[PDB]
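Accompanying notes for the structure given below.
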Amino acid sequence: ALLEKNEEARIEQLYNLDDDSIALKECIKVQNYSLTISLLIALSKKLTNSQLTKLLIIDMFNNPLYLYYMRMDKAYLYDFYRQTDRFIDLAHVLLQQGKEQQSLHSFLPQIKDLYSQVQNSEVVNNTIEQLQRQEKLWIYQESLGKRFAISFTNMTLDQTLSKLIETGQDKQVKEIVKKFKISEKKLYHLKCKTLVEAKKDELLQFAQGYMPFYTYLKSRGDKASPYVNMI
Amino acid sequence: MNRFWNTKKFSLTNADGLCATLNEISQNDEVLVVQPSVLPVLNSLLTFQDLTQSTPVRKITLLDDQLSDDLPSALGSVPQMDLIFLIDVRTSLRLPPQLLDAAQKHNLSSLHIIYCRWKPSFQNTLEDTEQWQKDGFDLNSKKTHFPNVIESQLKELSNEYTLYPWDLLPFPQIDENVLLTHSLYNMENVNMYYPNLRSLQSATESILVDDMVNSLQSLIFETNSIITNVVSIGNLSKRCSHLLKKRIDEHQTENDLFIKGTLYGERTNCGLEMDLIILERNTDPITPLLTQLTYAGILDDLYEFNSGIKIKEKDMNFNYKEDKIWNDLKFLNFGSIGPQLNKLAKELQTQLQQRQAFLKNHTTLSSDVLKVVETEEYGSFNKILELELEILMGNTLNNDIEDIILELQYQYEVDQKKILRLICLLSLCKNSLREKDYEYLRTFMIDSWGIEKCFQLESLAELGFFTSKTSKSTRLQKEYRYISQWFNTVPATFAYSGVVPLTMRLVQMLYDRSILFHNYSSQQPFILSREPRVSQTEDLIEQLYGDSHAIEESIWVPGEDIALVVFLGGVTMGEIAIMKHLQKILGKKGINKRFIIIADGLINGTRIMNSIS
C-alpha cells in the first residue's frame, strides 16, 4: 500500500486497514500539515478517548501540531500538560489566562511555585529572585497602603512614588530607597518631575539635578530667572 | 501572463470567478455575510457599485457575536433568498464558532458557505473532456479521496453542505511591480512568524513555509516558468527550496517534460534565465527597526495599514490604478515633497476638476502630517534619528548609556515601543552585551513598566534580539563595526538615517563585487557575471553566521530577466525603495534585469512589538 504515488489514496488505505500507527509517520514525512490534522480529528473520534495521550507520548515526539489546533479551548490544554508534566507550559498557559481578565497578581503564587522546584537552569533563578522582589514590593504596598486609606492597589513604584511625593512623607519616602537600592541619578530630578506637572517651585529650595532640569523647566511653560548662573 | 508577467491581469480572474459563483448561487435577492479578516481584501478588489450591479446581492455583513443578538433582528429580517457565509480557513484550521452557534439557534434551512483556496493548476483545464467517459469508466473519483478536509469537524445540524471553492491567486495592491500574499496573520491577529506563545514555534514555522511554497507553486504553474538558478540564504530557505523542488518534480503533468527536453536540454540552450533568491528576516534583524524617512514609510508607522491598502482616519483611496499623483510621490523623500507640490500646483494655474480635488487633498494631508511631526513631543522625531545614527557607527562609552536611555524617558514623553525598540537595537548592534548591565536595565524596565515586562524580556531573550555575552536558526554572531568595513552601508540612500540596508549589500554582492573589491580583496573569480554564483566568499559568511552552510546554490536545468526575490518574514517597505534604485543602477551598469518582490505581509517595528507581548 505504501508504494503508491497519490499522497491521498495510500493514506486512506493505511488507516482503513486498521494499522493506524504508521500513516501518521508517512503524513509527517511528506509534510502536508493539512491532511494530517484531518487524520488526527478522525482518529481521535474513534477510540477509547484516553489512549490519544499514550500514542502522542511515544509517537509524533513533541511536534506540537495538535496542541496548536486546540489553542482557544483552555480545557483540553490543561489535563494534557498536567499529565505530560510540562510545568513551564502550564505556568505560561495560566499566565496568559490571567492576562485576559486584567488580573495577574492572583495567579502570581502559582508561578512562584511552578517555576520553583525546577532544578534545570539559572535564568529561572533570576526570575524567582525577581518574584521575591515583587513579593517584597507587595508586602510593603500592603504595609504602607493600610496606614492611610488612599486605595493603594497593583500599580508600580513610580505610580506609587509619584502620588507619594505629593504630600511627601519625609524619612519614609526615602526609607524605601535603601530597601530597594534605588539609583541615585534617577530620583534627583523626579520630585520636580512630579510637582511642576501641576500648577507649581520647590526646586528652588532643592539646591543641596545638574544640567537637564534647566531644559525641563524651559520645556514645560516663562520665569526663566531661577538658577540662571550656577555655572 | 504567458511568460510576460502582466501583474494587473491577475486581478480580473479572481473578480470574474467570484462574480460567476455569486450569480450562480441563486437568481433572487441575496444577503452576503463576510468574515472580518477577509472583507478588506474583497473591498479592495470589487467596488460596492459593481458588486450591486453585477450580482443581485444587496447586503453585506460581518461575522461577530453582535449577530447573535441580531439573529432575531438582522438575520430574522431580510433573508429574501438565503444566507451565504464567506470564511477563510487557509490557516488556523478551525472554523469560527459564530456560524456554529448561529446554525443551531436560528435554525437556518439552507446553509451555503464559500471557502478560499489557491488555484489547482494540476487540474490542467479539467483534463480535456474526461477522456470520453474515462474510456469506459476506466477512471473514477467516487470515494477515491479522504471523506473531508478540515471541514470534517462540521458534522452537525442538517446536510446543507453546498460548499463552493472560490479560487484565489496573488494580485498587486500597493504598486504595480510588487504582489502581496496574506499569510502572516491568523484570524486572531497573531503573528505567523513571532507568535506570543513559546511552545509551538516549529509547527507554526512548518505551516508558514508550506503555505508560502503552495503560493509559489500556484504562481509558477500559472505563469509556465522554468526555474534555472536558486540562491538560498539561511536555514528555513533550504527546506523551502527542497520542498518546492520535490513538489514541482512530483505533481507536474506531461506534455511539458517533452518541452523541457526541446527547450534547454543537452548541449544547447535558448538563453532564458529566472532566479529565485530567497532570504529570511532573522538573518538581518538590524534594519526592521530603523525610523522610516520616505513618505509612505512615515505615513505607515504613524497610521497602520490594514489588510487592504487604505487607512481608517482618511476616506480617499490610495490605489494606484486610478490616480497618478500618488504614483510619483509615494516613495520620494519627505523633504522633496513640498517644493514638488508647489511646482505641481503652480503649473496647473495657467492651465479636470478631479485633478484639482486630488491635489487639494494631497496638500491638506501633507500639511497635517507636517504639523503632526512637530509640536508632538517636539524634537523626538529628530533626536531618535541622531541617536540611531550615533549608535550605528559606534560611540558607546563606559556606563554612559544608562544616562541617555532615561534622558528622554520622562524629559520628553515617549511610548514604550520606542524605548524597547531602541534598547533592542542597542543590544543587537554590538553583537554582545556584558553581564553587568542587564542587572540594571532589566531592573529599571520592571520598575517602570509593571511586572509582566519580565516575561516579555525573557521570551524576547531567546530569538536573538536580546542576548547576553555569557537547529541554530541562523542567528547573527558578528560585530557590526566589522560589517561597516567589508560593506559600505555608511558612506545614494534614503528611507533611513542615511544607511544602506544589510540585505541590500547581500543581494549586491551576488552580481557585482565592487564594494567587496575595495575592502578585503586581492583576487576575485569575476567582476561582472550575468548568472548568480557564489565562490571564494565563504569565510566572510562563515564567521558571519557560524556555519559555512547557510549559503546554498542550486542548478536545476542540466547543461529580459525575471528575478523572484520572495521575503519570508515580511518586507520593511524601505527595502522596496532601495530595490528600484538597485534595478536602475544595475541597468545603467550594463546588466538588465527585472525584480518582483513577493511579500508575505508588510512588517514594521511597532507592528512587531505587539506581536511578542
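Protein sequences appear in the order of chains B and D. FYI, in the deposited numbering the residues of the first sequence are 500 to 699, 701 to 708, 715 to 727, 730 to 739. FYI, in the deposited numbering the residues of the second sequence are 1 to 351, 374 to 492, 502 to 522, 542 to 609, 638 to 691. Quick reminder that beta carbons are idealized off the backbone N, C-alpha and C, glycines included.
Among residues of its own chain, excluding the 5 on either side of residue i, which ones have a beta-carbon nearer than 7 Å to its beta-carbon?
i                  : result
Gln-292 of chain D : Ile-298, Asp-300, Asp-301, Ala-545 and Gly-652
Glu-304 of chain D : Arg-685
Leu-551 of chain B : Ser-543
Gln-708 of chain B : none
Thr-652 of chain B : none
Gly-416 of chain D : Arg-512
Nearest-angstrom Cα distance between residue i and residue j?
i                  : j                  : result
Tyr-161 of chain D : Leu-341 of chain D : 56 Å
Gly-265 of chain D : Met-554 of chain D : 34 Å
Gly-683 of chain D : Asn-189 of chain D : 16 Å
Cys-691 of chain B : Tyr-295 of chain D : 39 Å
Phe-567 of chain D : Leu-184 of chain D : 38 Å
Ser-605 of chain B : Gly-597 of chain B : 8 Å
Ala-541 of chain B : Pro-563 of chain B : 18 Å
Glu-250 of chain D : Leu-546 of chain B : 35 Å
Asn-23 of chain D  : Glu-30 of chain D  : 10 Å
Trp-326 of chain D : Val-676 of chain B : 57 Å
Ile-510 of chain B : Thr-204 of chain D : 23 Å
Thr-144 of chain D : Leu-538 of chain B : 16 Å
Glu-222 of chain D : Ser-579 of chain D : 30 Å
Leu-663 of chain B : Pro-288 of chain D : 40 Å
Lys-119 of chain D : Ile-676 of chain D : 17 Å
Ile-638 of chain B : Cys-116 of chain D : 55 Å
For residue i, I'd like the list of residues in its chain whose CB is within less than 6 Å of its CB, leaving aside the five on either flank, ordered along the chain.
i                  : result
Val-550 of chain D : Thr-520 and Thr-543
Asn-124 of chain D : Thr-253
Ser-11 of chain D  : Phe-171
Ordered along the chain, which non-local residues of its own chain (more than five positions away) have a Cβ less than 8 Å from that of residue i?
i                  : result
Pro-285 of chain D : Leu-450, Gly-486, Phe-487 and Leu-507
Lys-611 of chain B : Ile-627, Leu-630 and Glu-634
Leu-576 of chain B : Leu-566, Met-569, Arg-570 and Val-592
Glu-313 of chain D : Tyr-303
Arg-464 of chain D : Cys-476 and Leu-479
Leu-603 of chain B : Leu-594 and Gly-597
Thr-21 of chain D  : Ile-114, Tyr-164 and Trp-166
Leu-348 of chain D : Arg-377, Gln-378 and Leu-381
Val-436 of chain D : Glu-399, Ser-402 and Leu-430
Could you tell me the boundaries of the alpha helix (DSSP H) in which residue i lies?
i                  : result
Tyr-687 of chain B : 683 to 687
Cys-270 of chain D : First-last for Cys-270 of chain D: undefined, no H or E at that position.
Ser-389 of chain D : 375 to 395
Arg-672 of chain D : No alpha helix (DSSP H) holds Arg-672 of chain D; the beta strand (DSSP E) holding it covers 672 to 677.
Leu-99 of chain D  : 97 to 106
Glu-410 of chain D : 402 to 415
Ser-481 of chain D : 475 to 481
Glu-603 of chain D : Not the alpha helix (DSSP H): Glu-603 of chain D falls in the beta strand (DSSP E), residues 601 to 605.
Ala-15 of chain D  : 9 to 25
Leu-663 of chain B : 656 to 664
At which residues does the beta strand (DSSP E) containing residue i begin and terminate?
i                  : result
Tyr-115 of chain D : 111 to 118
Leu-62 of chain D  : 57 to 62
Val-230 of chain D : 229 to 233
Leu-86 of chain D  : 83 to 87
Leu-279 of chain D : 278 to 280
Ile-640 of chain D : 640 to 646
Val-33 of chain D  : 30 to 34
Item to check | Whole beta strand (DSSP E) elements within the region 140 to 211 of chain D, 3-residue minimum | outcome: 164 to 168
Checklist entry - Counting Cβ pairs, one atom from each stretch, are 3 or more of them under 8 Å apart for the region 586 to 604 of chain D and the region 220 to 239 of chain D? => result yes
Item to check | Validate contact between the region 75 to 87 of chain D and the region 28 to 44 of chain D using beta carbons, cut 8 Å, 3 pairs | outcome: yes
Checklist entry - Along the chain, which unbroken stretches of the alpha helix (DSSP H) at least 4 residues long are found entirely within the region 295 to 322 of chain D? => result 295 to 302
Next on the checklist: Taking 8 Å as the cut-off, does the region 53 to 61 of chain D touch the region 29 to 37 of chain D (at least 3 CB pairs, one atom from each stretch)?
Outcome noted: yes
Next on the checklist: Ignoring anything shorter than 4 residues, give me the alpha helix (DSSP H) runs that lie fully in the region 554 to 581 of chain B, in order along the chain.
Outcome noted: As far as the region 554 to 581 of chain B is concerned, its whole alpha helix (DSSP H) runs of at least 4 residues are 564 to 568.
Item to check | Any 3 or more C-beta pairs closer than 8 Å across the region 579 to 594 of chain B and the region 194 to 204 of chain D | outcome: As far as the Cβ criterion goes, the region 579 to 594 of chain B touches the region 194 to 204 of chain D, which means the pair count is three or higher.
Next on the checklist: Assess contact between the region 213 to 220 of chain D and the region 161 to 181 of chain D, defined as three or more Cβ pairs (one per stretch) separated by less than 8 Å. Is contact present?
Outcome noted: yes
Checklist entry - Counting only runs that start and end within the region 591 to 654 of chain B, where is the beta strand (DSSP E) found for 3 or more residues in a row? => result For the region 591 to 654 of chain B, not a single whole beta strand (DSSP E) run of length 3 or above is found.
Next on the checklist: At 4 residues or longer, what runs of the alpha helix (DSSP H) sit wholly inside the region 502 to 564 of chain B?
Outcome noted: 508 to 515, 522 to 529, 534 to 543 and 550 to 557
Item to check | Meets three-Cβ-pair contact criterion under 8 Å: the region 638 to 654 of chain D and the region 671 to 678 of chain D | outcome: Verdict: yes, contact present.
Item to check | At least 3 beta-carbon pairs within less than 8 Å: the region 66 to 80 of chain D vs the region 96 to 107 of chain D | outcome: yes
Checklist entry - On the three-pair Cβ rule with 8 Å, is the region 333 to 347 of chain D touching the region 379 to 397 of chain D? => result By the Cβ rule, the region 333 to 347 of chain D counts as touching the region 379 to 397 of chain D, because three or more pairs are nearer than 8 Å.
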